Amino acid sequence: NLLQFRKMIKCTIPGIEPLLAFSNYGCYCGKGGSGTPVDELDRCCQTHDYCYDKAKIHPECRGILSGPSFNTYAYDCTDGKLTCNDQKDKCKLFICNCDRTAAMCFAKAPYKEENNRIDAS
């Protein structure tokens, strides 16, 4: 779930406040819906969104609270990186990675203030 993907970004970026730095950044990380990414970091939120859609349709996700915004998957963060640990649920397993991928993308990927609060595309 949201809360979890948050801690993920933290595990891979000690010091930062997700809800604070990565919120309202570029176009595809604040709301999603302007066209044309603007950063190698922003480039990967759109990947995150597209990733949730892929997951919100996935055959293996059915139950109640299976949506990617409310899905509490299994994973861990151990002194360095975070590796998912859900096998049985090829659904919850798929989600984590959407979050593990971006959470790890952001890490390397550069952040450049110059873009935080834009205006339009």
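One-based numbering along the sequence shown.
Relative to one another, 81-89 and 41-49 have unequal mean CA B-factors, and 81-89 is the one with the higher figure.
For the segment pair 108-116 and 11-19, the entry gives 108-116 the higher mean B-factor, averaged over Cα atoms. In the deposited entry, the Cα temperature factor of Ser69 places it in the middle third of its chain's modelled residues. When the modelled residues of the chain are ordered by C-alpha B-factor, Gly63 sits in the lowest third.
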